[PDB]
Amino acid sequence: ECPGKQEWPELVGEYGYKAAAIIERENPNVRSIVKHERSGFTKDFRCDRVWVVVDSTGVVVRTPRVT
């Protein structure tokens, strides 16, 4: 498994970068990246990465999971 907290479901409905901040201060291992779901995503697996997927409003519309 990966170290630290793995998912942040409670941050759904929040703004992307705020979510990124909180996520990063909770898990000292991951680099949080706010990205749009319309965009393209690489298919690798990283324990040091948390995608904060947002829409055209900048709100988190999916659970930020360590992948």
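All residue numbers refer to positions in the sequence shown, first residue = 1.
Annotation for residue 19: CA B-factor lies in the highest third of the chain's modelled residues. For residue 61, the recorded CA temperature factor ranks within the lowest third of the chain's modelled residues. Residue 35: CA B factor in the middle third of modelled residues in this chain (values from the PDB entry).
Split the chain's modelled residues into thirds by C-alpha temperature factor. Residue 53 is in the middle one.
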